[PDB]
Each structure stands twice: as C-alpha cells, then as structure tokens.
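Protein chains in written order, with the deposited numbering: chain H, 24 to 122; chain D, 24 to 122; chain G, 13 to 118; chain C, 15 to 118; chain B, 24 to 102; chain F, 16 to 102; chain A, 37 to 135; chain E, 37 to 135.
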Amino acid sequence: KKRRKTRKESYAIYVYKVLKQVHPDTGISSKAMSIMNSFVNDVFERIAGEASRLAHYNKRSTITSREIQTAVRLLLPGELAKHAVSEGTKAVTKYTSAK
Amino acid sequence: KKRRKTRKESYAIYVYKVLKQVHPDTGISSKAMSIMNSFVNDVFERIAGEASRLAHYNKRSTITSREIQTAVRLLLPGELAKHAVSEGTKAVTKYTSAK
Amino acid sequence: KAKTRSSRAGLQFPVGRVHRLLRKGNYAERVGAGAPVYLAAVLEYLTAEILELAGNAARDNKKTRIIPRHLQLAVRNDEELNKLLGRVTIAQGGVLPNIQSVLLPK
Amino acid sequence: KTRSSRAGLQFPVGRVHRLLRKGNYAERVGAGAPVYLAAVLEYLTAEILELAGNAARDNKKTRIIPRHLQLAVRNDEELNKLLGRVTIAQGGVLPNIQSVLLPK
Amino acid sequence: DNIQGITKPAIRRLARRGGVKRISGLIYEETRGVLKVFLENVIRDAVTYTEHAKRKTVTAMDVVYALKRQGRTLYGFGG
Amino acid sequence: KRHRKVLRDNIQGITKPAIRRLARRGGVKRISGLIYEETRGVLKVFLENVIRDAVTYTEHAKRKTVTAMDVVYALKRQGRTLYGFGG
Amino acid sequence: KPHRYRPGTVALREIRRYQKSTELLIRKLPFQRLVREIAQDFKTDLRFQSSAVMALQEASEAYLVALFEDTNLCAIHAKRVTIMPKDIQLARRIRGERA
Amino acid sequence: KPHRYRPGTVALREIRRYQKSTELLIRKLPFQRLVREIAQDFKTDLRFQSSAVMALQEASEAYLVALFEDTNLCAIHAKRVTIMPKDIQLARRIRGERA
DNA sequence: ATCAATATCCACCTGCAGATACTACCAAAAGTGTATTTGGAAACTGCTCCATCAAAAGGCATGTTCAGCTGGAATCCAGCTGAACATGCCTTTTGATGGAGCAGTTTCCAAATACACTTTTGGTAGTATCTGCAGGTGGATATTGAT
DNA sequence: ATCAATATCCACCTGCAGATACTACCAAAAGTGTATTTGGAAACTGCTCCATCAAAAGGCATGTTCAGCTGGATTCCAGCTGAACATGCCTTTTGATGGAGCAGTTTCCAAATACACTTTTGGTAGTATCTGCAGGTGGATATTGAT
Ligand SMILES: [Cl-]
Ligand SMILES: [Cl-]
Ligand SMILES: [Cl-]
Ligand SMILES: [Cl-]
Ligand SMILES: [Cs+]
Ligand SMILES: [Cs+]
Ligand SMILES: [Cs+]
Ligand SMILES: [Cs+]
Ligand SMILES: [Cs+]
Ligand SMILES: [Cs+]
Ligand SMILES: [Cs+]
Ligand SMILES: [Cs+]
Ligand SMILES: [Cs+]
Ligand SMILES: [Cs+]
Ligand SMILES: [Cs+]
Ligand SMILES: [Cs+]
Ligand SMILES: [Mn+2]
Ligand SMILES: [Mn+2]
Ligand SMILES: [Mn+2]
Ligand SMILES: [Mn+2]
Ligand SMILES: [Mn+2]
Ligand SMILES: [Mn+2]
Ligand SMILES: [Mn+2]
Ligand SMILES: [Mn+2]
Ligand SMILES: [Mn+2]
Ligand SMILES: [Mn+2]
Ligand SMILES: [Mn+2]
Ligand SMILES: [Mn+2]
Ligand SMILES: [Mn+2]
Numbered sequence: 024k025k026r027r028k029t030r031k032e033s034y035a036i037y038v039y040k041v042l043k044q045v046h047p048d049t050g051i052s053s054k055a056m057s058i059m060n061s062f063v064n065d066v067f068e069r070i071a072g073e074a075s076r077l078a079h080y081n082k083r084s085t086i087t088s089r090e091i092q093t094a095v096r097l098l099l100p101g102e103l104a105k106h107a108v109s110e111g112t113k114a115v116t117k118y119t120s121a122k
Numbered sequence: 024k025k026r027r028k029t030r031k032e033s034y035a036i037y038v039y040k041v042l043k044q045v046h047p048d049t050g051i052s053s054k055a056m057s058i059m060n061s062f063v064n065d066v067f068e069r070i071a072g073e074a075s076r077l078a079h080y081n082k083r084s085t086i087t088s089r090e091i092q093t094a095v096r097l098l099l100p101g102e103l104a105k106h107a108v109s110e111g112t113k114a115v116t117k118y119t120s121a122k
Numbered sequence: 013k014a015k016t017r018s019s020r021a022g023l024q025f026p027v028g029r030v031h032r033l034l035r036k037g038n039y040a041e042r043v044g045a046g047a048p049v050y051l052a053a054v055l056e057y058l059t060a061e062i063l064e065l066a067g068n069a070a071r072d073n074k075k076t077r078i079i080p081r082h083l084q085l086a087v088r089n090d091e092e093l094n095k096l097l098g099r100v101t102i103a104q105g106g107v108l109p110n111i112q113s114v115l116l117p118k
Numbered sequence: 015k016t017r018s019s020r021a022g023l024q025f026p027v028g029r030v031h032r033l034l035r036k037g038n039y040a041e042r043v044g045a046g047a048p049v050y051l052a053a054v055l056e057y058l059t060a061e062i063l064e065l066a067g068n069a070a071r072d073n074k075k076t077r078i079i080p081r082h083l084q085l086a087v088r089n090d091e092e093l094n095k096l097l098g099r100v101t102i103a104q105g106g107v108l109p110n111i112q113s114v115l116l117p118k
Numbered sequence: 024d025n026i027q028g029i030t031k032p033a034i035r036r037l038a039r040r041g042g043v044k045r046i047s048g049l050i051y052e053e054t055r056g057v058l059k060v061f062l063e064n065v066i067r068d069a070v071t072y073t074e075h076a077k078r079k080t081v082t083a084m085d086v087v088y089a090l091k092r093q094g095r096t097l098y099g100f101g102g
Numbered sequence: 016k017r018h019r020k021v022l023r024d025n026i027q028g029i030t031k032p033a034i035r036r037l038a039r040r041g042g043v044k045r046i047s048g049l050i051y052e053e054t055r056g057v058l059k060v061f062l063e064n065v066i067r068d069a070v071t072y073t074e075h076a077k078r079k080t081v082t083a084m085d086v087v088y089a090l091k092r093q094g095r096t097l098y099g100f101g102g
Numbered sequence: 037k038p039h040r041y042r043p044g045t046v047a048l049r050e051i052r053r054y055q056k057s058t059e060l061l062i063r064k065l066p067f068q069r070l071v072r073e074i075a076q077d078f079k080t081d082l083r084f085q086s087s088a089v090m091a092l093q094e095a096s097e098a099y100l101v102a103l104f105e106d107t108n109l110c111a112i113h114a115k116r117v118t119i120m121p122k123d124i125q126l127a128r129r130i131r132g133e134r135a
Numbered sequence: 037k038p039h040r041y042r043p044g045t046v047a048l049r050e051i052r053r054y055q056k057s058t059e060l061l062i063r064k065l066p067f068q069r070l071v072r073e074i075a076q077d078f079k080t081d082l083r084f085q086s087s088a089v090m091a092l093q094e095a096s097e098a099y100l101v102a103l104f105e106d107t108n109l110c111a112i113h114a115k116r117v118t119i120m121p122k123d124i125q126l127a128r129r130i131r132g133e134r135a
C-alpha cells in the first residue's frame, strides 16, 4: 500500500502535543488545526527568508543560528521577539550540552 | 592598484548602450544612473523571486525560461507584461536557433 | 536511531524535519546544525503562545475545543500577535465586536 | 562569440546567468532562463529610458537626472504601478494641486 | 445577473459585520464594482498558477498562493 | 581629548518652516497649529523603525558603522524600497 | 398602534449579531457563478476545486468587511453616519488601491 | 498702502514652487543630529556613512510628503482646506500604520 | 476697466563640477570542449471529486408604504492662522586633521557536505466507539418605545 | 411615571458530525558511522572615510503684529433611507450517477552539471582635457489686488 500515498506532511501532530502541555483538557477542530498549520508554515517561510537575505547581504553561504536570531529580531514584535530569542538560545544550549 | 579593491560590478555600460539606442544624443547623470542600477537589480530579484517560488510550488528543481515567463506575467502590469513576454520569447528563440 | 535531535534540544517540534525543510528551501548553499534547533524552538514557542491565548478564549465562551473563531479572538486581542499577523486572514474567524461610539443610541 | 550577441541582446546573458546561480533561487538554472531575463530587463530599461529622455527633452535638458526618471515613471500608469512602492531619490513629486484649493 | 447576484441584503450583512449603521443607496452599485476588481485581480493570478501547472482545475493552493502575493495571506486552506 | 556632547531634544530641529515646506510639496494649502507637534511625532516613529532595522543589520555584521546598504535593506524590508543609494 | 422599532435600532442589533458570528454572508452559488464568469475571461473550460471557491469567498468577504470598517471611518470623519461612495473611494485611494 | 497678497496666495505660490523642485526641505545638520540621537538610544558608539544619513533623509521626506497628500485628501473629505491632526490620524489608520 | 506693486519670465552669460576621454593593467568572468548524470516530459490510467441533475422545501430576496431623522444648505462670528517685517543665529561651506574601522590578504581547522548502512516513524487506510455542542424547548426578564 | 411588545437570556435536552481511538503497513525520513572538503574565524595591516575642529558669512528661522476668512456652531427642512409585511422565486440540499482530470508510475533522453583549459572583458586606476547647466544679471511681460 504505497500508491496514492504521496505523503502529505504537516505540523499537526506537533501542534497537538504542544496543545496538551498548555491546555491538556482543551481540544481543537480540523479547520482550526489547519489554520495552525498555515501559521507555522507562514512563519517558517518568513524567518527562513529573512535569514537567507541576511546571509546573502553578508556574503555567507551558511545559514546558522545567528542568522535565525537576527531574523527573529527583525521580524517579531518586541516582546514576542525577546522570548523567542530566549527560547532559541535555550534549545541550542540544551542541544550542545547533550550527548 | 591599492591592495586591489574588490570589483564592484553594475549594469551602467549596458544601460548606457541601451540609452544611446533610444535617445542617441541624450546623456545621463551619475545619480540617475544609480537609480537605473537599483531599478534593474530590484526587478531582477522580483522576477527571480517569483520564479524561485513557482518552481518550489511545483516540485521543480530547475528554473527554466518558462518559470521566468510566468514570473513576468505575475509581476508586471498588462502591457509591460505582454511586451516583456514577447521580447523574451523572441530572444530565446534566436539564442537556441544558433549552432 | 539513538536519540531524536528534538528530544536532545528538549522540543516537541521536529528538529530533523525543520532541518530538511531548510535545505530544500534553497535559503542558503549550507545550513549549520544549530539553526534548525533554534528555529524549531522558535516555532514551538509561538505555537504555544497562540494555543495558550486561543485556549483561554475557548474557556471564555464556555467551550473546550478550539475553533477558528477562538484563534481569531486570540490574535486580534493581542497587540503583538495581531501585528505579526496583520496582513493575514484566518478563515472563519469573523471580527471582534466593536461599534463606533457615535453610532450608539442618543 | 558571446551569448548576448547570440541572443541579440545588449544586456549580459553570462552575468544574469551567474547571478541566478549565486542567488539560490533553485537547485538548477536552465540555459534559456538568463536569456529570457536579460531580455525582459533590457526591455524595461529601454522603456523607462525612452520616457525619461522625453521628459529630459520637455524640460530643455540633454542629461537625464532623477527628476526625469521620476517624471517618466509617475506619468506612466504601468511603470507607476510597477514601482508603486519604490522611492526614487531626488525625484520630487508630480505638479498637482487639488481643485477646491484654487480660488475664484 | 451574476455580479448582480451579489444582492443588496448580502452587501448589507457585510457592512454590518464591518460596523456600518446607515447605508447610502448608491453603495450597492459601488460595492459590486469593488468586489469585481478584487476577484479579477486575485483570479487572474490564481489562474496563471493553474496554467503554469498545466491543469484545467484551479486548486485551493492556486488561490492561496495568489492571495499571498496580493499581500492578502489566508490561513486554513494550505492542505 | 574626546568629545560627543550630549544629544537631546533634536526633534525640535524639525522646524515649523521645514514642516510647512514639506506639506506644500504635499499639496497642502492651510495648516492647523497643532500639525507641527503631531508631525514631529510621526517622523520620530518612522525613524525609530528604520534605524532599529538598520542597526540590526550593522550589528549582525559586527560593524560599528551604519552603512547606506544597512539603511537600504532596512527600508526595503519595511516596504519603503529606495532607489539611488546602491544595492 | 402596531409596534415599530426606531430607525437605526435594528441596524445596531444586526451589527451586534454579525460581529458575533463568523458564517459567510453572501449566498454560496451566486458567488460561485460570479467566480466562474470572471475566470472564463482568463481561461476557458475551467474547473474549480470546491475548496478553491471557499478560499476565494473567505478572502473576499474578509476584504469587504475590513473595507467597510475603513469606509465607516471616513464617513464618521465627515460628521456622518451614512457610508457613501466617496467614503469607499477615499479609503481605497489611501490604501493604495487607486493611488 | 503697502502691497499685501491675500491669504492663500503665497501658500499656492509655495505649493507650485516646491512641487517643481526636488531638493530636500529639512536642514541637513539638524536632521543628522536627530538620526544620531535616535540611533544612540538603540546602541552606543555607532558611526554613520554620510550616504546612510542621506538615505534616511530622502526616505523620510518621501514618506512625509506622501503622508501630507493623504492627509490633505482627508481634510478635503471633511469639507475643509486646513489639515488637522485628526486628518493625519485618519490617514495613518487606513494605511494600516495605526489600527 | 485702470493702475501699480510684485512675482515671473526668459534670454543672456560664465564658472565649474561633473562628465568624458585614453592609456594601462588584470583578476575574474566568460566561452569552449568533453565526459557523466538526471530532471521531468511523455504516455498509460486508476480513482477521486467535480459538474450536473432532480426535487422538494422554504428561506430569503424583492417590491411597496410610510415617516423619522439625517445630510446638507444657509447664516453667523470669533479667533486661528497666513503674510510681512525686523533681527540675527546657526547652518552651510571650505579645508585640514588624526585615526578608528573597514576591508584585503593568507593561514588553517571546526563543522559542513557527501555516502552508505540500519532503524525509525509519521502518514495513510480500514474498522469501531465516543462526545462537544448546535439547535430546539420553555419560561424568566430585559429592552425599547408607546403613553 | 405606566405598561406592553419583542428580543434576549439561561437551563436543560438530545442527535450526530466529527473527533477519537485501535491496528496494520510501509516508504521515505531520520539517525549513525566513516571519509573528505571548505567557509569563514584569526591574525595582521593597508588605506578609506568618519569625526572633529576652524573660521567666515548670509540664508533662513524666530517672533511679532495684524486682520481676513475659515471652521465650527446653530438652525432648518426636504427627502432618502430603515423598518415592516406581503409575496413568491431561486438557493440549498441532497443523494446519486457519469466521467474529467489530477495524480501515481514507469521510461528515457535532451539538457544540466562537472571540469579543464583558454580566451575575453569590465572594472579600476591613473592622468588629462571637454561641456551642460546652475545660478547670476537685467530687463520685458504676467498676476494680483486696491479702487
Ligand atoms: Cl548553526
Ligand atoms: Cl531554459
Ligand atoms: Cl458619494
Ligand atoms: Cl485634530
Ligand atoms: Cs521588529
Ligand atoms: Cs499582473
Ligand atoms: Cs533570493
Ligand atoms: Cs511673467
Ligand atoms: Cs558662473
Ligand atoms: Cs475529480
Ligand atoms: Cs535667527
Ligand atoms: Cs541659521
Ligand atoms: Cs432577557
Ligand atoms: Cs440534536
Ligand atoms: Cs530670530
Ligand atoms: Cs512684525
Ligand atoms: Mn539619548
Ligand atoms: Mn529521474
Ligand atoms: Mn445633521
Ligand atoms: Mn585600528
Ligand atoms: Mn507511528
Ligand atoms: Mn445553543
Ligand atoms: Mn576557503
Ligand atoms: Mn475680526
Ligand atoms: Mn466656512
Ligand atoms: Mn418631512
Ligand atoms: Mn481521462
Ligand atoms: Mn574593455
Ligand atoms: Mn537657470
């Protein structure tokens, strides 16, 4: 069973996990989950796009975490940006200090 | 030569050619040439951008002249689009008819 | 597969996928190892933030399942989220209740 | 023999091709892409230079300055849309006073 | 009919969601004109995506992509 | 031997006559007295937004000088693309 | 007397009602008709995914509703409560849709 | 006896004057100190290529002029010839700079 | 319809900044020629979902009446705002300075791509069971609008 | 003030769309281990251009006086737009059936990449000489505004 399968991946399962961590007794309609998927896709593209330009401006062939950071700074509203950088640095540390 | 300043290329000589073609007795101020240069890069990016996106939308890893073409139809207004398409197709046909 | 990079980073969002998506993205010739970690974290956080507010909005309306309306009230009632999604339209979101005062009786 | 001459163009097909690879727009770039693009760019350059030169001429000038470029663009419905979110340094604005402001 | 199918009461309903209390008689004609221009602009682009993909069906992505580039991004049809 | 006098209240350097001149180019015939203070405010926000992004570019580049490209990239990303200053 | 509500009383009641709901406000088919007719000008013998039509309706209504807000703001600006064509026209010109 | 132009006559004279020229209208130096003051509040020990200062001023006057036009459109909408803060505010709300 | 104060015009001129012309040099660009690899066009087609019916069912749009109340016209005046004048300051312009910092170069390695090999997992599909809440009820009470 | 006609609200109920949950199955995706490549940080430093100061002068800002005309208020009424009610015409829904075409698959070749030389070129640099026009003048014509 591999024919009409052509995988249609989405962020939906990872959205759902995050939902329960914050509202474990709250659920979510299909249409709603779809909006959320569009949301992550949209933001992915914005950040990635800006990070890309950054690298090109500075004649670099590599998008690093530094680029993702400046990108976020450029793209998110002050306070939302502040927390994002915080969350960002955190996961990159936790990851380096890991196995 | 002073530790040779790395070359800053622009479209100036080509704009200039084209200028002599349309108004053979007219000059152009270096600030106006600067605008023209920004003009060309701006539009280069916009079309390349649209193409980049088109290819992606259709799981195509190559940007052909067909991508460039739709890009032009998506980006430019009515008449500029019609002529641009026209001059583009023509020039390609000529190019490939050689050899 | 020993340990998923998401769990190494302490995240629910798929680091591996985000990394793959960056390369095929044609964003740069190359991609550092930290970048998908960072970005995945960033998406995760923002997702939480929206679900958080949107959740609350479900409560407010006597409901336990989030529908679009909830995400719309979530976003429009939040100065910053509303700015971020200022050129975005949430389907089936309706609009916040707001009547200009000069239209009010007497 | 250049590709520009081979495609009957003034604009550099080689450069346009190069910049397209350098820019990371797609994994591959077909050989007709830089040709078509050099073409379009050359065409639009020509369009705006025709119109600017005219405005240069209308003002008894022989050297196009940015004023003329602005005049050309803003007086042309299509270029004005193409560049509706672009600012031309040193361009000023189109002479234009609203009716109700004139006396009688 | 057609554009004339977009009826006065429906135009009234939209206005209301938009906070409008009192509506001039001439609005319904003006509005239809505006809506026509919206759809023309969007549909053209959407269809142009259809032609590129060599299809005879406009897909929801065709619309979505076109909205996005009209600077009118839409969430919920990216499936 | 090193200067930098304190910079403060420079917004008032956007003089009433300069603001009038701008409104003229803008096609404006008559100007209420409260416009000038309002306009100063609107400009202040505009500059803050552009400089913030401009400086974010400078910083990301580990430079101490804000280049014109910085301002240019900053302007582009706010949808105020500017021609004439490079790039 | 039989019972009548003052002019403006129901209008208020409708604003309150429709700001509260999210259901689309144009009849589905007349709209589908309109979409198809416009499209036919660009390409013939077209088929529409039904989700594609809904996208378009969602998008247009959002657009018109938001436009009515700015329109309402222009009428109030001129000390009226009645939206007029000049109000829509001004809002649009200032949006850059006519400029 | 001394000659006096009527009120409005010099204003119109000035609109004609300025719409005809392209030079900047804010004095260079005052403007620079503003830019320098504001930047410094973001980060210290910053320097500026003079062309970067000019880039800002060209952009800024371009913005402010276009704003005044919109504002002027708003005042005229209210049946006035005198622009007032409420006109700037209406303009900026519709542009999507405010709300 | 007259006159006079002042802006505006244009032709004229001249310094000169900026545009142009030549030579010289070369590093990067671009072309040419093969060998080696593959993206996606082509052609066959299976099944999803789209267009088209049919067919009540009635919901919702249309046409009409009537009058409230809003838009806009006309009138008035106080005072805000434009025009002009006098004074003089701070911007502008011209030129010179040290030196901070950007940018070019070469060195060199931590981290990336590049392949392969093993293990996992998120998506799809098939079947089954569960539940949040829309929509319908009834009966309380609030709002609106007439006296 | 009263009191009546509607709307609106809350509590409770119940069917069902749509969410949930279980199990099977599998490619494509993700991890891990090994061999190789290189982007771009570090170190050193050449050379541009930014900050800073100096000093001179006049363009343009500031501040004031004065009164012209605009905005803002008030009044007024004619008519246009909302509310309501009566029809009835078409949207909706639904269930059901061909069949267009989107999408999955295998094939294969025309075109893309990789690479190795070889030649051509645009950019800079240096030095030296033209030329369009801004900005100054002066004198003729056009606009304005007081009678
Ligand atoms: Cl990284
Ligand atoms: Cl091609
Ligand atoms: Cl109107
Ligand atoms: Cl105001
Ligand atoms: Cs920001
Ligand atoms: Cs177009
Ligand atoms: Cs790009
Ligand atoms: Cs004149
Ligand atoms: Cs001179
Ligand atoms: Cs189908
Ligand atoms: Cs002064
Ligand atoms: Cs001064
Ligand atoms: Cs009630
Ligand atoms: Cs039920
Ligand atoms: Cs003064
Ligand atoms: Cs005075
Ligand atoms: Mn400060
Ligand atoms: Mn293949
Ligand atoms: Mn009124
Ligand atoms: Mn140093
Ligand atoms: Mn699984
Ligand atoms: Mn209910
Ligand atoms: Mn290297
Ligand atoms: Mn008076
Ligand atoms: Mn008035
Ligand atoms: Mn009456
Ligand atoms: Mn078929
Ligand atoms: Mn050469
Ligand atoms: Mn002159």
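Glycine included, every Cβ here is placed at the ideal spot set by N, Cα and C.
Using a Cβ-Cβ cutoff of less than 7 Å, which residues in the same chain neighbour residue i once the five nearest sequence positions on both sides are dropped?
i	result
H/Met-56	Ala-35, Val-38
G/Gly-106	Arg-81, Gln-84
A/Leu-92	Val-71
In the structure shown, what three-state DSSP assignment does residue i receive?
i	result
E/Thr-118	strand
E/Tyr-41	coil
F/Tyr-98	strand
C/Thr-101	strand
B/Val-60	helix
H/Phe-67	helix
Regarding residue i and ligand 3, is the C-beta to nearest heavy atom distance less than 8 Å?
i	result
A/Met-90	no
Going along chain A, which residues have a C-beta under 9 Å from residue i?
i	result
G/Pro-109	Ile-51, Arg-52, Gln-55, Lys-56
Residue i: beta carbon under 8 Å from a heavy atom of ligand 7?
i	result
G/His-82	no
For residue i, is the beta carbon positioned less than 8 Å from some heavy atom of ligand 1?
i	result
G/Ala-47	yes
For residue i, I'd like the list of residues in its chain whose CB is within less than 8 Å of its CB, leaving aside the five on either flank, ordered along the chain.
i	result
H/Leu-98	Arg-69, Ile-70, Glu-73, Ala-104
B/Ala-38	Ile-46, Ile-50
Just tell me which of the options has its CA closest to the CA of residue i.
i	options	result
A/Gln-68	A/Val-89, A/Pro-43, A/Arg-42	A/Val-89
F/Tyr-51	F/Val-70, F/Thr-30, F/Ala-69	F/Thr-30
F/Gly-101	E/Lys-115, E/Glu-73, E/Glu-133, E/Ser-87	E/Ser-87
F/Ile-34	F/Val-21, F/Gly-94, F/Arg-78, F/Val-57	F/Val-57
Is any heavy atom in ligand 4 found nearer than 8 Å to the beta carbon of residue i?
i	result
E/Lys-115	no
F/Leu-49	yes
Short of 6 Å in beta carbon distance, which residues of its chain neighbour residue i, apart from the five on each side in sequence? Order them along the chain.
i	result
G/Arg-35	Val-43
D/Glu-90	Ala-74, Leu-77, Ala-78
Along chain E, in chain order, which residues have C-beta atoms closer than 9 Å to that of residue i?
i	result
F/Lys-16	Within 9 Å Cβ-Cβ: nothing; F/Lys-16 doesn't reach chain E, min ~17 Å.
Could you name the residues of chain F that residue i contacts, counting a contact when the two beta carbons are closer than 7 Å?
i	result
H/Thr-93	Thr-71, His-75
List, in order along the chain, the chain F residues whose C-beta lies closer than 9 Å to that of residue i?
i	result
C/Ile-102	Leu-97, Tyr-98, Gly-99
Is there at least one non-hydrogen atom of ligand 6 closer than 8 Å to the beta-carbon of residue i?
i	result
D/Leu-98	yes
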